[PDB]
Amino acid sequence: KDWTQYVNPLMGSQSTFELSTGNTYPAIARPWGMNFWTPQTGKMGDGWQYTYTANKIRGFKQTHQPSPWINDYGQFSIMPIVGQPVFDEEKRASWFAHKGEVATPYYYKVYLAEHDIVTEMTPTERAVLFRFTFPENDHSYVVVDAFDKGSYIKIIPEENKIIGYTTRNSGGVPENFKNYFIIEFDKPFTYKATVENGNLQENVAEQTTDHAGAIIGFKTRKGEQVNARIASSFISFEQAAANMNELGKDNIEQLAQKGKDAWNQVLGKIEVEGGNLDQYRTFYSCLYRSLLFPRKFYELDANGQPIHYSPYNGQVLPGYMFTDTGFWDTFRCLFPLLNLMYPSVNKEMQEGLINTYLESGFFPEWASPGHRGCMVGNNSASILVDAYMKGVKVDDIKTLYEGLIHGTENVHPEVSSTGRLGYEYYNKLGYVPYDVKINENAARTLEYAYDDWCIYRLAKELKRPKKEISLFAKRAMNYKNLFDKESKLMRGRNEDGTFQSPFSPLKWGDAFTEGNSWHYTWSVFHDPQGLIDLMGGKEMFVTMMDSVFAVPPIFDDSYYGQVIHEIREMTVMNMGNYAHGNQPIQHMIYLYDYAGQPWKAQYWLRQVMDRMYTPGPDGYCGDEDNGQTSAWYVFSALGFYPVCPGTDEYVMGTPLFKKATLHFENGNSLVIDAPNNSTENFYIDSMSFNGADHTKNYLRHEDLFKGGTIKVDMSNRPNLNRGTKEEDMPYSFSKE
């Protein structure tokens, strides 16, 4: 059975600075691969390294980039050309068309029209094989570009080899940062030149310079194939040579089959059927995008044991390491998806986090590859705790707990999004104030309160002193400190305790991030009942919820002075103020379940799935955000979602397919059977779990893992009675 046929690596590529439909590039890679490869249409340095509307490719590039905003590191490219040996990234570039291109996760091919050259590539976790098919020509070349900001290159003709290192990066790296690469050709060089700050230096073997490059060449006959085996390491040249062994002596066809198999192994853990082709493509493309980040950042020693270059301190050290994710995005459902479907993989990642804390003094929030200043919150706490409570348990629990506590009373001296900026005010006042020069203060406070609930959970589980458990149980309620009873919304609060005026509920940023009050107010994952209580009961809560959808997409952009692309993206979708791309709001629709109206979740969730995601190049309604926006679709299509990681619950939405089968790593399987599902029948009339009537609006992790059958009776009419009882409600801390 193949699922890769449904994966479109071009989904999200039709994006620009001005307007996102995913801001992705085609990651040709193994799952969680250390090195990704992509065709490169953008100029060196441009975060938009591949865009669908671009006409020319100027290299095939090794990349580690998680988003255009974060940008790249450990990057170099290769480009086959004919005619004159030219290094310049414009002069060497070639027209292509998407109809001369084949993009899959395990194999990429393109016809370079201006050189009459076909390029094919098939990666492994750390290496890749290139096959170039050249035309008849006296002057055929391959250009190797080590990029700028200080690089190195060496041509070794007696070995048909080129080695080099690249350092261009976007921050978050140690001083000794390098990515060492080795390229072996199966055709010997008849022409050889290094490049030094744009000057071709024929027969000069080596360069150490700002922007090193190499051009080798030969005569080719029509249809002549030249293969290049490439690997890189963050450790050393000898380690890169070891990494090359992943290629064995395989050809393109053999490596493509191994990558296809690797992908089918992970994609095939979730088998959907009884939908249409657009849905299959959307689903598996989103699943593919959910299994890329964070990437492996470890390599294998002579004994097959993991070692890694430390992006935190520059040492080479034993153990697992992963990077390139922002927990502000990925705590929400991306990491939970791994705890459900791929826990063995998150086990490695969690050990990597322990290594991050050991190496750098902090758990990461945004890492690429080292600590990076981006977004907000202490959501590493959610990641660590959710794993543990779901049985993904690190070896050194003591260090894990100490790391967590460390993060509640420290902020990283250089990277303000690492640790807790404003923790002094928060610990003292119960909130980060609006008028103390700490922006995003309300968003930080709300996420910290949830984060402290996660810590409370773990402290209780670990049998910590009652004094510690009480501290964090109290901090978990800090969300109440920003609730404005007058507007029924969250509101920035001055240091002196008064709420800030004038108050603008539609103003994006400022007190919040990636949205306004209407978007962030719902960020009480651990205590929705508490929020319902604050607003005066379930009827008023639903009145407020419903109003998000019913109003026009009006906004206040005065924080920015202009309509930023995230605001534009909301305005065009015809969903009121529900801006699906803003991460803080993505769990929102599930909250209808907690207010006794699950049928409203069913209605709106289905609207989002049918309208906000498409399988084409312009697929997503905003940035994909390293798996979070994709994993949202994966979960929601199955019919449930981890509103509150750290609990064992998935909150019920509405399934998209007539049938979905989950295959768990523990060897058990779960069938979600919804035979009456259709475009019209998106309401849950009733539901059973292994035959037992199930009116609850949540499912438990442990019960799913036991396997069996969930049967969902789908209807075109809402069932106004199902899921409204007290015992049907998912978890709230206030009730606990």
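Residues carry their position along the shown sequence, with the first being 1. Rigid core: the largest C-alpha set superposing within 1.5 Å between the two forms.
Root mean square Cα distance to the shown form, taken over structures and residues in 5 other deposited structures of this protein after a core fit, is higher for 554-562 when 554-562 and 521-529 are compared.
Taken in 5 other deposited structures of this protein and fitted on the core, 564-572 and 591-599 differ in how far their Cα atoms move from the shown form, and the one that moves more is 564-572. Per the PDB record, of the two stretches 496-504 and 237-245, 496-504 carries the greater mean B-factor over its C-alpha atoms. Legend: mean Cα B-factor per stretch from the PDB entry, 434-442 versus 362-370; the higher mean is in 434-442.
Out of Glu348, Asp261, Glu299, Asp484, the entry records its largest CA B-factor for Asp484. Of the candidates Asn251, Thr418, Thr208, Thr282, it is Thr208 whose Cα B-factor is highest according to the PDB record.
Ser20: CA B factor in the middle third of modelled residues in this chain (values from the PDB entry). Ranked by Cα temperature factor within the chain, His406 sits in the highest third according to the deposited record. Ranked by Cα temperature factor within the chain, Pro675 sits in the middle third according to the deposited record. Split the chain's modelled residues into thirds by C-alpha temperature factor. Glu224 is in the middle one. The entry lists a Cα temperature factor for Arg700 that places it in the middle third of the chain's modelled residues.
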